[PDB]
Amino acid sequence: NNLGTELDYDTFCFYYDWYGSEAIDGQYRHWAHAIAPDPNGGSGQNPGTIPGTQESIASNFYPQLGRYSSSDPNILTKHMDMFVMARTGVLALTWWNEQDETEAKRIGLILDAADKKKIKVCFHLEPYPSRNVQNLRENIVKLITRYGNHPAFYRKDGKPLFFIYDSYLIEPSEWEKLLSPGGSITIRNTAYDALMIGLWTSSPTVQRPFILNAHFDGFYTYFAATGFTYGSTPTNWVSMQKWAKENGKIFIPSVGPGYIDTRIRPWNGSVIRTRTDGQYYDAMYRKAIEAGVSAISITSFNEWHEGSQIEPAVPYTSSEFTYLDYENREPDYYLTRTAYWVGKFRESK
Ligand SMILES: OC[C@H]1O[C@H](O[C@H]2[C@@H](O)[C@H](O)[C@@H](CO)O[C@@H]2O)[C@@H](O)[C@@H](O)[C@@H]1O
Ligand SMILES: OC[C@H]1CNC[C@@H](O[C@H]2O[C@H](CO)[C@@H](O)[C@H](O)[C@@H]2O)[C@@H]1O
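Letter by letter, the sequence shown follows residues 31 to 379 of the entry's author numbering.
In C-alpha cells form, the structure reads like this:
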C-alpha cells in the first residue's frame, strides 16, 4: 500500500507504564504523586502530595481516558490504536528495573498489545539505583533473552535499540568497557549487541568527546522544552546532525508539543512552554525534519506530569483544580498532527 497512513519505524514515542487504577492495581499510582521541594528554596519544606483523586491528579492536564491503569489490557488496546492514528511505529518504554512481578506482567501485556497493531517496542533505560555498566549489561542480556523473540521487539538492521536517560551520570571510561569493540565487557560482536543512544545535553565542547569516548551509536535530546539544554534548542540541530554524520553516529532529536510540570514542581515555571493550539509542536517538528535526520523521537506519549503528552486530554474543572486542555483543538489533535508530521518526515527521508 501507498496510502500515506502506514506506521513509521524510525519514529519513537516515549511511553510511560507507571499509572495505576482501581480496576486493575490498588493505588492510583502516579496520578497520586509527591510534590517536589524547590531545590533553591527554604529548609523545612513540607511540599506535600497530590492525592490522585478524581478531582486532583498529578498533571496540569486531564486524560480523556481518566485515571487509567497501565496494567489494564483495554487501556493498552486504546493506546495502540492511538499510536496507529499518530503513525508512530515504535513505543519507547520507560524501564526502571523494578524487579517485581507487576512490571513483568505489564511489559508482556504491552508487547502483546503492540504486536496486534504492528507496533514495535524498545526500552528507555532510566537512572535506576546504582545503575552502572555491569548491571546495564546484565539487564540488556535479560531483556534481549526474555523479549528478543517477541514479534514486537524492535530491531533496526538486525539490532535492538536502547535509549539511555541521563547517560552522563556514568563516565565515558566506564561506557567504553561496555560499548567499545575492545571493551572488557563489550556487547559488540556478541548476541547482545544493540544500538545505544545516549543523551546529548550541553555544549559540543563537552558532548562531542563524551559521545565518542563512550562509544555510543547515537544520541537523542529528550526534553520537550525548547532551550532547556543546548541539545533541546532546535537551532542547534543542523550542526548536531552534521557532526553525527561526520562521526558515524545516529542523531534522534526529540520533539514535543509543550511542557508544564508545575503541579508536581511548582517552582519550575520558567520551563513552561505554551502549546499555542499546536504551533509550538509544528515549529519543533519542522526543525527536526529540516535538520535532515534519519529518525525522530517524540516527548511524549504520556508523561502527564510534565505536560508533554500527545495522548488525548479533555477539558476538566473540578472543585480542586482547573486543568489546562487542548484549547481550540479537539482531544485527538496531537495524534492526528503527529501523523501529519510523520508524513512530512517520510517525504523528506
Ligand atoms: O529540575 C527540573 C528538571 O528535572 C529533570 O531533568 C533533570 C535531569 O534529568 C536532566 O538531565 C538535567 C538536564 O540539564 O536537568 C535536570 O537536572 C526533568 O524533569 C526536567 O524536565 C525538569 O525541568
Ligand atoms: O523518561 C525520562 C524522564 C522523563 N521525565 C520524568 C523522569 O522521571 C522522574 O520524574 C517523574 C515526574 O516527572 C517521576 O514520576 C519519576 O519517579 C522520576 O523522578 C524520567 O526519568
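C-beta: ideal position from N, C-alpha, C; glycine also.
Ligand 2 and residue i: does the residue's C-beta get closer than 7 Å to at least one heavy atom of that ligand?
i	result
residue 29	A question about residue 29 goes unanswered here, because the residues of the chain that appear run from 31 up to 379.
residue 154	yes
residue 333	yes
residue 98	no
residue 282	no
residue 195	yes
residue 44	yes
residue 291	yes
residue 63	yes
residue 140	no
residue 174	no
residue 294	yes
At what residues does the alpha helix (DSSP H) containing residue i begin and finish?
i	result
residue 170	163 to 177
residue 248	Note, residue 248: premise wrong, no alpha helix (DSSP H); beta strand (DSSP E) at 248 to 250.
residue 141	131 to 146
residue 373	363 to 378
residue 234	234 to 244
residue 202	202 to 209
Can we count residue i as close to ligand 1, meaning its CB is less than 7 Å from some heavy atom?
i	result
residue 285	no
residue 124	no
residue 192	no
residue 253	yes
residue 259	yes
residue 336	yes
residue 185	no
residue 256	no
residue 301	yes
residue 304	no
residue 358	no
residue 298	yes
residue 231	yes
Taking the beta strand (DSSP E) that residue i falls in, what are its first and last residues?
i	result
residue 39	38 to 45
residue 150	150 to 155
residue 229	225 to 229
residue 192	191 to 194
residue 215	It is not in any beta strand (DSSP E) - residue 215 carries neither H nor E in the DSSP assignment.
residue 63	62 to 64
residue 352	That residue, residue 352, is in no beta strand (DSSP E); it is neither H nor E in DSSP.
residue 79	79 to 81
* To do: Scan the segment 259 to 326 and note each continuous beta strand (DSSP E) run of 3 residues or more that stays entirely inside, going in chain order.
  => Under the rule that a run must span 3 or more residues, the beta strand (DSSP E) segments found entirely inside the segment 259 to 326 read 280 to 282.
* Asked: Pairing CB atoms from the segment 189 to 207 with CB atoms from the segment 231 to 251, are three or more of them under 8 Å?
  -> Below 8 Å, enough C-beta pairs join the segment 189 to 207 and the segment 231 to 251 to call them touching: three or more.
* Okay, do the segment 54 to 63 and the segment 83 to 101 touch, 3+ Cβ pairs below 8 Å being the bar? -> Result yes; three or more Cβ-Cβ pairs closer than 8 Å.
* contact_flag[the segment 314 to 325, the segment 167 to 183] where n(CB pairs < 8 Å) is 3 or more -> At 8 Å Cβ cutoff, the stretches do not touch.
* Is the segment 325 to 338 touching the segment 45 to 53 in the sense that three or more CB pairs, one from each, lie closer than 8 Å? -> The answer is yes - the segment 325 to 338 touches the segment 45 to 53, with three or more Cβ pairs under 8 Å.
* To do: Would you check if there are 3 or more beta carbon pairs closer than 8 Å linking the segment 115 to 123 to the segment 362 to 371?
  => Yes: at least three Cβ pairs fall under 8 Å.
* Are at least three pairs of beta-carbons, each pair with one atom in the segment 248 to 259 and one in the segment 296 to 310, less than 8 Å apart? -> In short, these stretches touch, since the Cβ pair count reaches three.
* To do: For the segment 84 to 134, list the alpha helix (DSSP H) runs that are entirely contained and at least 4 residues long, ordered along the chain.
  => Residue ranges of uninterrupted alpha helix (DSSP H) with 4 or more members, entirely inside the segment 84 to 134 and ordered along the chain, are 103 to 116.
* Stretch-stretch touch, CB-based, cutoff 8 Å, three pairs: the segment 124 to 141 with the segment 150 to 163 -> Judged by Cβ distances under 8 Å, the segment 124 to 141 makes contact with the segment 150 to 163, as three or more pairs qualify.
* Asked: Should the segment 344 to 358 be called in touch with the segment 81 to 88, which here means at least 3 C-beta pairs below 8 Å?
  -> These segments touch.
* Are there three or more Cβ pairs, one per stretch, closer than 8 Å when the segment 264 to 279 is compared with the segment 289 to 300? -> A contact between stretches requires three or more CB pairs, one per stretch, nearer than 8 Å, and the segment 264 to 279 fails this requirement with the segment 289 to 300.
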